[PDB]
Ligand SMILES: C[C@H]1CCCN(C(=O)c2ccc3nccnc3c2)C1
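In structure tokens, one chain follows: the form deposited without the ligand.
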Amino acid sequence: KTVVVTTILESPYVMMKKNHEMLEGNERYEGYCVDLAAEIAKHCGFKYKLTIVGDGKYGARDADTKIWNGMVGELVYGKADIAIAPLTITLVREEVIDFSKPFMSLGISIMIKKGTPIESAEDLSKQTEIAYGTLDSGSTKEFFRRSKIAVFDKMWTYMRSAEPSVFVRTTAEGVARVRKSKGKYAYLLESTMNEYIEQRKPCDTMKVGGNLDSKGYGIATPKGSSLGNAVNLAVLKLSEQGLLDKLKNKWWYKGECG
């Protein structure tokens, strides 16, 4: 029957269409992952229903209860059959769910308000005037918590105890804070989202330095799901036909910034 797809409202991957309130079903959404889902579904020959993840989180495991939340949790507990969104492939997640080869590449990066005197992660670590944080329940936060790299280790030690909290519930709130903090707050987010933001009004944000790591997003399915194989082959076909590149160019590259 119908494949239940869990995804998340994150621009430009999944966004509510203008006048969505009178729309219904899958027609309510638009974005990179909306088009991707349609392409995958066609190649694998299945019907699907897009659903926004209940708690609006990507996926993290509670150290105490050891329960998974976000989209990872919905796959693990059988609430969804597949996840098509900017879900990062990580070791801890790979041990509980299946992932296709990556359909998009990215790396943790730094977002600053134009003019901020910061050029790297190291610069941030050696000062305290400018505050910096990350998104909660995501791979970026986990990256800093787990790093044994001096600089990142130092940055984590600071972030985890900073008051007020430097962590945000959503990417949009992280961006908002950078823009509204007169340069006293830098945000650590993935390059894909960073580059999308610096492309639009009011064109006051900027990505500085190189990415801290190199990785990618993958389409996830419950461990052992029979859907996995077909989806992986589909991702590779779309990659080779150059369709994944076309979708990126479509949803990312305006002119209201210069």
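The first residue of the sequence shown is number 1, and the count goes up from there.
S.K.: Quick one: classify how much of the deposited chain lacks coordinates between residue 253 and residue 254, choosing none, 1 to 3, 4 to 9, or 10 or more.
M.R.: According to the record, 1 to 3 deposited residues lack coordinates from residue 253 to residue 254.
S.K.: Comparing average C-alpha B factors as deposited, tell me which of 236-244 and 17-25 sits higher.
M.R.: Higher mean C-alpha B-factor in the PDB entry: 17-25.
S.K.: Averaged over C-alpha atoms, is the B-factor higher for 149-157 or for 105-113 in this PDB entry?
M.R.: Mean C-alpha B-factor is greater for 149-157.
S.K.: Identify, among 77, 99, 143, 185, the residue whose C-alpha carries the highest B-factor in the deposited PDB entry.
M.R.: Answer, based on the entry's C-alpha B-factors: 185.
S.K.: Using only the C-alpha B-factors in the record, can you name which of 35, 190, 198, 55 has the highest?
M.R.: It is 198.
S.K.: Sorting by Cα B-factor within the chain, modelled residues only, which third would residue 221 end up in: lowest, middle or highest?
M.R.: Answer is lowest: the recorded C-alpha B-factor places it there.
S.K.: Please place residue 228 in the lowest, middle or highest third of its chain according to the CA B-factor in the PDB entry.
M.R.: It belongs to the middle third of the chain when residues are ordered by C-alpha B-factor.
S.K.: Which third of the chain holds residue 95 when residues are ordered by C-alpha B factor: lowest, middle or highest?
M.R.: For residue 95, whose C-alpha B-factor we compare with every modelled residue in the chain, the answer is the middle third.
S.K.: Based on the deposited C-alpha B factors for this chain, I'd like to know if residue 86 is in the lowest, middle or highest third.
M.R.: Its C-alpha B-factor belongs to the lowest third of this chain's values.
S.K.: Hey, what third does residue 124 fall into on Cα B-factor, ranked over its chain?
M.R.: For residue 124, the deposited C-alpha B-factor lands in the highest third.
The protein also exists as the form deposited with the ligand bound; that form is not presented, and the subsequent description refers to it.
S.K.: So which of 130, 151, 176, 96 reaches within 4.5 angstroms of the ligand in the deposited complex, heavy atom to heavy atom?
M.R.: Checked against the cut-off, the match is 130.
S.K.: Is it the case in the deposited complex that 1, 7 and 79 each bring at least one heavy atom within 4.5 Å of the ligand?
M.R.: No, the candidate spot makes no contact with the ligand.
S.K.: Using a 4.5 Å heavy atom cutoff, which residues in 179-193 contact the ligand in the deposited complex? It's fine if the answer is none.
M.R.: 182, 183, 184 sit within 4.5 Å of the partner.
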